[PDB]
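Please read the structure below before turning to the comments.
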Amino acid sequence: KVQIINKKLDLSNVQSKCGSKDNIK
Amino acid sequence: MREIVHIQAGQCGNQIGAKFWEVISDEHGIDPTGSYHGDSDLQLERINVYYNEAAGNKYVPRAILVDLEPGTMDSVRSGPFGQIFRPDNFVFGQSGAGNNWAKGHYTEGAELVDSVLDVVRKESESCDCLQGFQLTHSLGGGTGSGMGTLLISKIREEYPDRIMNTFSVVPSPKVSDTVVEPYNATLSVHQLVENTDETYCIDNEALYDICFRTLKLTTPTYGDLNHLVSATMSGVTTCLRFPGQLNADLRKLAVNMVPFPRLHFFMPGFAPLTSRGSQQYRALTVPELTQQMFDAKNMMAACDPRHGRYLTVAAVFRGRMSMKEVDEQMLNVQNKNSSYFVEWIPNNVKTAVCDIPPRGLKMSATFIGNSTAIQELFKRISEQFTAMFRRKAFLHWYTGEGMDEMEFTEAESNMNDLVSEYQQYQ
Ligand SMILES: Nc1nc2c(ncn2[C@@H]2O[C@H](COP(=O)(O)OP(=O)(O)O)[C@@H](O)[C@H]2O)c(=O)[nH]1
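So the protein sequences, as listed, match chains D and C. In terms of the entry's author numbering, the first sequence opens at residue 274 and continues consecutively. Numbered by the entry's author numbering, the letters in the second sequence go through residues 1 to 44, 47 to 360, 369 to 436 in order.
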């Protein structure tokens, strides 16, 4: 009467941190 | 009469100035101990121009050595002529620059420049007639660039009527020695264009090309390139030390060579240059020197002068020569190649003749040209700087010390305005 501990894992939406485009304008 | 205070900053500057002082000590017959053991009265006639006389037949080179890392100065002290400098003038820190102009200009330079300036003032108070300051430094090295800009600003503020001459090593068009060379070069020019009187642009790439093609050297070192640069430096001020048929000091050079106050960057040259074997095959004449000087392959700045026009040309000759010979050669040069000089300046060439040739030569000549083609170098620097700055490449290293984006933006604007001015006058 057991069930495996499986979780739905996702890194859904991760943005970059280095502002490599901040001076693109 | 006139005197010169030699300032020597950065690793590049320290090495170049060590070779320069070796050459100067050789020209005046001064052994590594400082005791004069020459053979001519002219060696002592104007020995005061670079040396203070410490009683005991010994002379001390009026040089000031600046760095943020003690290794280069240790090598200088331990090497040949290391004892020739009075140890009072070795002013060095401990942190180092790390090729960060912001660091060397705002933090480590801000800490060390007070001692540097105290040494400068002490050396200047001993002068009878101070004429100009010489700074030997590279534009890429953090120590060189930052200390140079800061110290030049300070000295210009202290002595506004003295001549500020600098011999700067400029970035190469093909191979970079430092990843952040563009930021340092741009921020250095942004102050050199404002505070200096004249700057000689020497590129290591052109030095390699010359020493390989002309001198036929297969294993050139920094010592050989520094020997060439030092020969040029000595030819620049040979007129301040020895008599001649037509002498020109630093003030006449600065007046004749700078038509407008902001267009004060020059491409130096030298002649004669020969391999050892070819010396027995070519006669040494004034036409030969004139042909070697006005040649694109003999320009120590990585820029073909045939892509622009000259504003003015300085040609200082050394050794016994006929005045009519040099005059005829200069007239022929101006007449045959009139298309490479601006139409609004007649009589583009100012000359001078020193009667003492370099040791081992019958005659020589030093070239100093103000060519509008250096807009190529400045435009390349501006383009690479823009390419790096558009993506904040390595920007945080400079911002952390205290610089903001406004300073980089103003530096870029000033660089582009200088390029636009050169384009206007071409
Ligand atoms: N002409 C010449 N250039 C040098 C010499 N040593 C280093 N350089 C140049 O200086 C740059 C290195 O910067 P450097 O002055 O050593 O770094 P710093 O210690 O932060 O000032 C490189 O682009 C080299 O080409 C030298 O002896 N002669």
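All C-beta atoms in this analysis are idealised placements derived from N, C-alpha and C, irrespective of residue type, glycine included.
Beta-carbon spacing of residue i, residue j below 9 Å
i: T151 (chain C); j: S190 (chain C); result: yes
i: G142 (chain C); j: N186 (chain C); result: yes
i: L114 (chain C); j: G95 (chain C); result: yes
i: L248 (chain C); j: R48 (chain C); result: no
i: residue 437 (chain C); j: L153 (chain C); result: Since the first residue of chain C shown is 1 and the last is 436, residue 437 (chain C) is not available in this structure.
i: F20 (chain C); j: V171 (chain C); result: no
i: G310 (chain C); j: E386 (chain C); result: yes
i: residue 497 (chain C); j: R123 (chain C); result: Given that chain C is displayed from residue 1 to residue 436, the structure contains no residue 497 (chain C) and the question cannot be resolved.
i: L137 (chain C); j: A9 (chain C); result: yes
i: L227 (chain C); j: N206 (chain C); result: yes
i: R253 (chain C); j: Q133 (chain C); result: yes
i: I86 (chain C); j: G29 (chain C); result: no
i: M332 (chain C); j: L209 (chain C); result: no
i: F169 (chain C); j: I16 (chain C); result: yes
i: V238 (chain C); j: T376 (chain C); result: yes
i: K156 (chain C); j: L119 (chain C); result: yes
i: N300 (chain C); j: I212 (chain C); result: yes
i: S128 (chain C); j: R88 (chain C); result: no
i: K402 (chain C); j: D295 (chain D); result: yes
i: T382 (chain C); j: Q436 (chain C); result: yes
i: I66 (chain C); j: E125 (chain C); result: yes
Minimum C-alpha distance to residue i - residue among the options
i: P359 (chain C); options: C:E27, C:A18 and C:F20; result: C:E27
i: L194 (chain C); options: C:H139, C:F214 and C:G246; result: C:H139
i: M1 (chain C); options: C:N50, C:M302 and C:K156; result: C:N50
i: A285 (chain C); options: C:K299, C:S374 and C:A397; result: C:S374
i: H107 (chain C); options: C:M413, C:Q434 and C:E420; result: C:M413
i: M416 (chain C); options: C:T33, C:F399 and C:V429; result: C:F399
i: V257 (chain C); options: C:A208, C:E393 and C:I165; result: C:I165
i: residue 437 (chain C); options: C:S147, C:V62, C:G81 and C:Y61; result: Outside the shown range of chain C (1 to 436) lies residue 437 (chain C), about which nothing can therefore be said.
i: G58 (chain C); options: C:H37, C:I66 and C:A65; result: C:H37
i: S77 (chain C); options: C:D130, C:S128 and C:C12; result: C:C12
i: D427 (chain C); options: C:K389, C:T180, C:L371 and C:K402; result: C:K389
i: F296 (chain C); options: C:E183, C:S174, C:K60 and C:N334; result: C:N334
i: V62 (chain C); options: C:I384, C:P289, C:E22 and C:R322; result: C:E22
i: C203 (chain C); options: C:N197, C:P173, C:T221 and C:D211; result: C:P173
i: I24 (chain C); options: C:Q282, C:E290, C:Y53 and C:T353; result: C:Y53
i: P162 (chain C); options: C:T198, C:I384 and C:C131; result: C:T198
i: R278 (chain C); options: C:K338, C:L371 and C:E196; result: C:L371
i: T419 (chain C); options: C:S392, C:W407 and C:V429; result: C:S392
i: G81 (chain C); options: C:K176, C:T188, C:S40 and C:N14; result: C:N14
i: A112 (chain C); options: C:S126, C:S341 and C:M149; result: C:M149
i: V355 (chain C); options: C:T221, C:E327 and C:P184; result: C:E327
i: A233 (chain C); options: C:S280, C:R369, C:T188 and C:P348; result: C:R369
i: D31 (chain C); options: C:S40, C:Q43, C:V182 and C:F83; result: C:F83
Whole-Å CB distance - residue i paired with residue j, under 8 Å assumed
i: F262 (chain C); j: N380 (chain C); result: That belief does not hold up - the Cβ atoms of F262 (chain C) and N380 (chain C) are roughly 10 Å apart, past 8 Å.
i: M425 (chain C); j: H192 (chain C); result: 7 Å
i: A250 (chain C); j: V351 (chain C); result: With a Cβ gap of about 12 Å, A250 (chain C) and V351 (chain C) do not count as contacting.
i: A316 (chain C); j: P307 (chain C); result: Their Cβ separation, rounded to whole angstroms, is 14 Å, which puts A316 (chain C) and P307 (chain C) out of contact at 8 Å.
i: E422 (chain C); j: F395 (chain C); result: 6 Å
i: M259 (chain C); j: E200 (chain C); result: 6 Å
i: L313 (chain C); j: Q294 (chain C); result: With 8 Å as the limit, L313 (chain C) and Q294 (chain C) do not qualify as a contact, their Cβ atoms being about 22 Å apart.
i: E71 (chain C); j: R264 (chain C); result: The Cβ separation is near 33 Å, so there is no contact.
i: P245 (chain C); j: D329 (chain C); result: Rounded, the Cβ-Cβ distance is 20 Å, inconsistent with contact.
i: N101 (chain C); j: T180 (chain C); result: 5 Å
i: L255 (chain C); j: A273 (chain C); result: Actually they are not in contact, since the Cβ atoms of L255 (chain C) and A273 (chain C) sit about 18 Å apart, beyond 8 Å.
i: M323 (chain C); j: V288 (chain C); result: 6 Å
Per DSSP, the bridge partner or partners of residue i
i: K60 (chain C); result: C:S35 and C:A56
i: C356 (chain C); result: C:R320
i: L265 (chain C); result: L265 (chain C) is not bridged to any residue.
i: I391 (chain C); result: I391 (chain C) pairs with nothing; no bridge assigned.
i: residue 439 (chain C); result: Since the first residue of chain C shown is 1 and the last is 436, residue 439 (chain C) is not available in this structure.
i: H406 (chain C); result: BP columns for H406 (chain C) are empty, so no partner.
i: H6 (chain C); result: C:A65 and C:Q136
i: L248 (chain C); result: C:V355
i: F343 (chain C); result: C:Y312
i: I30 (chain C); result: C:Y36
Heavy atom of ligand 2 within 8 Å of residue i beta-carbon
i: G310 (chain C); result: Looking for ligand 2 in the displayed structure turns up nothing; the ligands present are ligand 1.
Curious, which full-length alpha helix (DSSP H) runs of at least 4 residues does the region 68-93 of chain C contain?
72-80
3 or more residues per run - each beta strand (DSSP E) lying fully within the region 190-229 of chain C
200-205
Ignoring anything shorter than 4 residues or poking outside the region 302-341 of chain C, list the alpha helix (DSSP H) runs there in chain order.
325-338
Just list the beta strand (DSSP E) runs in the region 154-192 of chain C, keeping only unbroken ones of 3 residues or longer that don't cross its boundaries, in chain order.
165-172
Entirely enclosed alpha helix (DSSP H) segments - the region 108-156 of chain C, minimum 4 residues:
110-127
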